[PDB]
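**Q** Below is one structure. I have some questions about it.
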Protein chains: 2
Amino acid sequence: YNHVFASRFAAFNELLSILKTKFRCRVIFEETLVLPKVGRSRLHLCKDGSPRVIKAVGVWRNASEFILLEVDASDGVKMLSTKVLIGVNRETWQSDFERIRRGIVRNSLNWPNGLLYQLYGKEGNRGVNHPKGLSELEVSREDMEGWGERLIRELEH
Amino acid sequence: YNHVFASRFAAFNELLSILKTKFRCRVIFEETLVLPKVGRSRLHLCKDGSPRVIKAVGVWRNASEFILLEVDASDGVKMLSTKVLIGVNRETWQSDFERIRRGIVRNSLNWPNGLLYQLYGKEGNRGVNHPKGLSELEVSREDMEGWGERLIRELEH
DNA sequence: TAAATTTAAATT
DNA sequence: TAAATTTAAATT
């Protein structure tokens with residue numbers, strides 16, 4: 001039967017489970033940080049006033065790695081995509097990741113595509129839409145699998 | 001003081017008045033037609049079920065003419081722009097206008113830019129956004145003037 | 001330089 | 001081939 005999530009951010013975790021199960025993926029790491037205060041910005045905080053968070057997840061599937069970036073938009077402010085970064089370097093990810101967090105706040109909660117294209121090129125700056133209906137916090141058991149399917153599409157170029 | 005409109009379509013008429021007054025424009029013609037049934041389409045009718053209408057308005061300002069196209073989206077389905085066509089030919093407008101009505105329904109209430117660019121080129125296929133806040137059917141007396149100002153911008157290239 | 005709203009190409 | 005939803009560049 002269908003799924004019911006507390007927030008948008010909860011659904012992103014159920015996706016990781018499905019990737020582990022149906023799509024044979026391994027989670028390398030999982031870290032969640034707060035978006036930084038950049039300039040006179042206000043969107044680095046949620047409507048209620050708490051720090052807005054972003055979760056990065058390293059993944060491994062069939063001898064190839066990618067990073068998943070997901071922004072906390074559970075307050076309904078903005079509908080961003082799930083970013084799929086291919087070509088990340090352990091030796092500089094922490095710095096690249098920090099620059100990404102800054103750019104997201106600069107562009108008012110919007111992926112810095114100019115930077116991402118700079119970093120990983122047109123074919124390395126990928127992303128996947130959230131499943132229709134998540135605005136209602138309900139997703140069918142098959143829509144959740146399609147979320148994973150559509151992710152493998154971007155990975156398979 | 002501010003304006004209150006019954007529907008989105010009512011505001012487009014108040015714009016024409018302001019263009020006559022503050023921006024020295026003359027209304028050449030005013031016709032409103034129903035969008036056609038194209039294929040197995042349903043958007044040529046409003047939510048309540050009545051025929052969806054489109055109003056064309058020929059305008060003259062400082063020895064130069066342009067056509068204004070406005071689609072009836074008072075049922076809240078879609079938020080389209082006000083099209084500003086420059087380079088229209090009396091000898092073929094009726095046919096061009098008909099093709100435009102078809103394309104709008106083909107693309108599911110969306111301006112056929114490919115056609116419009118075909119017809120009037122990049123510099124002749126212009127448009128202007130509706131004033132922020134019209135979703136609430138309330139517009140400030142200065143926002144209505146800005147609607148006309150921003151229209152003259154496109155006309156002045 | 002920030003956010004907020006309108007628009008439209010995309011996709012699902 | 002239609003509509004419906006998600007996304008994002010634009011603009012105001």
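Ordered as shown in the structure tokens, chains take letters A, B, and onward, while each chain numbers its residues from 1 and ligands are numbered from 1 in the order shown.
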Report as JSON lines the residues of chain D within 10 Å of segment 38-48 of chain B, each with its shortest atom pair and distance in Å (one decimal), using only C-alpha atoms (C1' of nucleotides), ordered by chain and increasing residue number.
**A**
{"residue": "D:1", "atom": "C1'", "partner": "B:40", "partner_atom": "CA", "distance": 8.1}
{"residue": "D:2", "atom": "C1'", "partner": "B:41", "partner_atom": "CA", "distance": 6.3}
{"residue": "D:3", "atom": "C1'", "partner": "B:42", "partner_atom": "CA", "distance": 8.3}
**Q** With C-alpha atoms (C1' of nucleotides) retained, export the selected residues as a short mmCIF file (atom, residue, chain, number, x, y, z; two decimals), in the first residue's frame.
**A**
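After the write, result_28.cif holds the following:
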data_model
loop_
_atom_site.label_atom_id
_atom_site.label_comp_id
_atom_site.auth_asym_id
_atom_site.auth_seq_id
_atom_site.Cartn_x
_atom_site.Cartn_y
_atom_site.Cartn_z
"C1'" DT D 1 -1.65 12.48 -27.19
"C1'" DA D 2 -3.83 14.81 -23.70
"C1'" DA D 3 -3.63 16.84 -18.77
#
**Q** Taking the backbone alone, and naming residues the way the document does, which bits of segment 70-143 of chain B are strand (DSSP E) by DSSP, as number ranges by chain?
**A** B: 70-71, 82-85, 125-128, 138-139
**Q** Once you have the residues from the selection above, write them out as a PDB file, in the first residue's frame, restricted to C-alpha atoms.
**A**
ATOM      1  CA  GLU B  70      -5.295  37.670 -23.570  1.00  0.00           C
ATOM      2  CA  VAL B  71      -6.559  34.204 -22.617  1.00  0.00           C
ATOM      3  CA  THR B  82      -0.279  38.925 -22.136  1.00  0.00           C
ATOM      4  CA  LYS B  83       1.087  38.556 -25.655  1.00  0.00           C
ATOM      5  CA  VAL B  84       2.257  41.634 -27.560  1.00  0.00           C
ATOM      6  CA  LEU B  85       2.431  40.881 -31.288  1.00  0.00           C
ATOM      7  CA  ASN B 125       6.877  37.923 -30.524  1.00  0.00           C
ATOM      8  CA  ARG B 126       6.736  39.961 -27.309  1.00  0.00           C
ATOM      9  CA  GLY B 127       4.812  39.662 -24.066  1.00  0.00           C
ATOM     10  CA  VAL B 128       4.318  41.152 -20.622  1.00  0.00           C
ATOM     11  CA  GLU B 138      -6.650  43.320  -6.173  1.00  0.00           C
ATOM     12  CA  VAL B 139      -4.169  45.691  -7.815  1.00  0.00           C
TER      13      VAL B 139
END
**Q** Write down, as a VMD selection string, each residue of chain B that has any atom within 8 Å of an atom of chain C, counting only C-alpha atoms (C1' of nucleotides).
**A** chain B and resid 79 to 81 110 129 to 130 132 to 133
**Q** When distances are computed from only C-alpha atoms, which of B:147, B:5, B:60, B:111 shows the smallest separation from residue 97 of chain B?
**A**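 With only C-alpha atoms as the atom set, the closest residue is B:111.
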**Q** Enter the distance from atom CA of residue 118 of chain A to atom CA of residue 90 of chain A, in Å, rounded to one decimal.
**A**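 Separating atom CA of residue 118 of chain A from atom CA of residue 90 of chain A is a distance of 17.2 Å.
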